[PDB]
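Chains as they are written, first to last, in the authors' numbering: chain J, 355 to 405; chain M, 88 to 303, 322 to 474; chain G, 276 to 325.
Structure, as structure tokens:
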Amino acid sequence: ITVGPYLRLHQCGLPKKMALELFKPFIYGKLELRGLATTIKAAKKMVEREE
Amino acid sequence: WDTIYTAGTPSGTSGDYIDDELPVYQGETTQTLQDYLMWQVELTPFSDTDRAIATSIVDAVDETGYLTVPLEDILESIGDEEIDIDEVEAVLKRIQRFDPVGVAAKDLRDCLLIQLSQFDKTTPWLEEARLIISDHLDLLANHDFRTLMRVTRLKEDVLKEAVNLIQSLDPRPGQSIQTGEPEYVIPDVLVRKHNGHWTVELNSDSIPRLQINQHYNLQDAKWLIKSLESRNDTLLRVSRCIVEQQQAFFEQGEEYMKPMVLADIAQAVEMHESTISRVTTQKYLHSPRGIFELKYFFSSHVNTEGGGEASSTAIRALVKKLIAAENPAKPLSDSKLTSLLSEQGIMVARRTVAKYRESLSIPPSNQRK
Amino acid sequence: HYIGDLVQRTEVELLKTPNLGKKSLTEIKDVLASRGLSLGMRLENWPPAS
């Protein structure tokens, strides 16, 4: 943990690599929802490549 | 003195093992090919019947990714009489596009066509390769290139490009998912040349720490202590007899192994045949030639015209040597082989030579040209 | 008209529609499965100004 003096009381700062790992099925669902990926494996590959 | 190793792999552990209490073993889970396939099945918009069909289908996929039962078996295994075979075919088609593409294929032609169906239409030599795989796939197996050229009605260069594209595909798509790690074997007896003669010695990887708990019961374990000694003694004696009788196999390789049986070793070591059959099973020796199971040195025999006996392994090695140096323009039939081994004093039949060739996995004469 | 419109249709809707039997629905699912597609998918902000 480090300090963020600019934050508001309801906010925290999260690294985006941790967030990418933690929110993965949500990302799969959103990728399939908007037509970017037609199957689960396509979304898996897209997340692996970090496009 | 026992040889001290001049090199090694430094041990992976880098800790001081300070903690005096550690938990019991539990293990982990592994993801095989079928685990991955079922994980993909669940996240697919199937139906209840479709999911049942997919479960039955994935049950039948083997390690290489090939379906192992006909679709009729799956349809019977479903257990519902309203379901036809076209639904099973549709579910199979949907499954075959899971990662890796081509998995759960009926045969090689089907897998290759499935893989080619995914390439974009702008790939240059797509139609030609598709035609080759679909229509004439065994003329390629014969490496003919002329009758295939007479049927496909094509020039040389197009055929070469199509063949190169075909051979760039994956014949075993399901081997990509590697859940396994190469396991090995630990030799139990080591054979080394001392004073020009081969002598055996037990491997020192075992646990020889002879200890008792006199602090407090150990009478039963006192018997196990000497049971281990008996096991070591019998293993050492049997291996020593085997090596003493086979002094020429190590020096000159095969083609010189003697035709021994369990009864010979039983008479030599003064033990029953069953004990010999038990000791010399799933136990290995390491030699400068390789690792061999003790059972490898027992073999059959055939009559020799000179008055002796010839081991079957020697005849197999001679067949291998003769076939390896046959005429490339016109290979050797087993009738020729039985003649060549006849003049050497080996009196074997022809069907026996064919059986030996089959066991070595060597194609017939017509397929070796 | 398009594959995107067909893919969103579910199996029950295409079963209740007239003139479409079980064989035709199975053939539609078969030609879709040949390309790694399935009925019952969901898409957002379709059509994209055709």
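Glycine is no exception: its CB is placed at the ideal position from the N, C-alpha and C atoms.
Candidates the options: closest to residue i by CA position
| i | options | result |
| --- | --- | --- |
| residue 262(M) | 207(M), 159(M), 187(M) and 327(M) | 187(M) |
| residue 203(M) | 230(M), 256(M) and 121(M) | 256(M) |
| residue 393(M) | 444(M), 279(M) and 335(M) | 279(M) |
| residue 156(M) | 459(M), 212(M) and 143(M) | 143(M) |
| residue 292(M) | 275(M), 243(M) and 300(M) | 275(M) |
| residue 149(M) | 120(M), 132(M) and 163(M) | 120(M) |
| residue 249(M) | 423(M), 332(M), 218(M) and 160(M) | 218(M) |
| residue 355(J) | 367(J), 390(J), 378(J) and 387(J) | 367(J) |
| residue 471(M) | 90(M), 229(M) and 283(M) | 229(M) |
| residue 259(M) | 137(M), 151(M) and 112(M) | 151(M) |
| residue 296(M) | 334(M), 231(M) and 387(M) | 334(M) |
| residue 345(G) | 403(J), 394(J) and 388(J) | As displayed, chain G neither begins before 276 nor continues past 325, which places residue 345(G) out of reach and without an answer. |
| residue 135(M) | 146(M), 165(M) and 110(M) | 165(M) |
| residue 386(M) | 377(M), 399(M) and 378(M) | 399(M) |
| residue 264(M) | 254(M), 131(M) and 185(M) | 185(M) |
| residue 216(M) | 231(M), 254(M) and 193(M) | 254(M) |
| residue 194(M) | 211(M), 221(M) and 173(M) | 221(M) |
| residue 337(M) | 303(M), 294(M) and 353(M) | 294(M) |
| residue 289(M) | 240(M), 388(M), 332(M) and 110(M) | 388(M) |
| residue 302(G) | 172(M), 328(M) and 105(M) | 172(M) |
| residue 88(M) | 159(M), 357(M), 379(M) and 281(M) | 281(M) |
Buried versus exposed call for residue i [16 or more other C-beta atoms within 10 Å across all chains shown]
| i | result |
| --- | --- |
| residue 198(M) | buried |
| residue 92(M) | exposed |
| residue 397(J) | buried |
| residue 123(M) | buried |
| residue 208(M) | exposed |
| residue 463(M) | exposed |
| residue 372(J) | exposed |
| residue 112(M) | exposed |
| residue 363(J) | exposed |
| residue 455(M) | exposed |
| residue 154(M) | buried |
| residue 317(M) | Coordinates for residue 317(M) are absent, as chain M skips straight from 303 to 322. |
| residue 115(M) | exposed |
| residue 418(M) | buried |
| residue 235(M) | buried |
| residue 442(M) | buried |
| residue 461(M) | buried |
| residue 192(M) | buried |
| residue 252(M) | buried |
| residue 297(G) | exposed |
| residue 439(M) | buried |
| residue 420(M) | buried |
| residue 247(M) | exposed |
| residue 458(M) | buried |
| residue 386(J) | buried |
| residue 105(M) | exposed |
| residue 133(M) | buried |
Cβ pair residue i, residue j closer than 8 Å
| i | j | result |
| --- | --- | --- |
| residue 425(M) | residue 465(M) | yes |
| residue 190(M) | residue 183(M) | yes |
| residue 396(M) | residue 370(M) | no |
| residue 206(M) | residue 213(M) | yes |
| residue 223(M) | residue 238(M) | yes |
| residue 316(G) | residue 282(G) | yes |
| residue 117(M) | residue 286(M) | no |
| residue 170(M) | residue 147(M) | no |
| residue 300(G) | residue 307(G) | no |
| residue 437(M) | residue 423(M) | no |
| residue 474(M) | residue 434(M) | yes |
| residue 139(M) | residue 128(M) | no |
| residue 178(M) | residue 225(M) | no |
| residue 368(M) | residue 375(M) | no |
| residue 284(M) | residue 350(M) | no |
Neighbour flag for residue i against chain A, beta carbons, 8 Å
| i | result |
| --- | --- |
| residue 174(M) | Considering every chain present, this structure includes no chain A. Its protein chains are J, M and G. |
- Inspect the CB distances between the stretch 253–271 of chain M and the stretch 341–361 of chain M and report whether three or more fall short of 8 Å. no
- Entirely within the stretch 381–413 of chain M and at least 3 residues each: give me those beta strand (DSSP E) ranges in chain order. 389–392, 395–398 and 406–408
- Query: Between the stretch 311–318 of chain G and the stretch 369–382 of chain J, do at least 3 Cβ pairs fall closer than 8 Å?
  - Reply: no
- Message: Measuring CB atoms only, is the stretch 278–293 of chain G touching the stretch 413–428 of chain M, in the sense that at least three cross pairs come out at less than 8 Å?
- Response: no
- Between the stretch 406–421 of chain M and the stretch 443–463 of chain M, do three or more beta carbon pairs fall short of 8 Å? yes
- Can you find at least 3 beta carbon pairs, one from the stretch 357–377 of chain M and one from the stretch 399–406 of chain M, that sit closer than 8 Å? yes
- Task: Enumerate, from N- to C-terminal direction, the unbroken alpha helix (DSSP H) stretches of 4 or more residues contained entirely within the stretch 279–316 of chain G.
- Result: 286–291 and 297–308
- Note down, one range per segment and in chain order, each alpha helix (DSSP H) of at least 4 residues found wholly within the stretch 326–368 of chain M. 352–357
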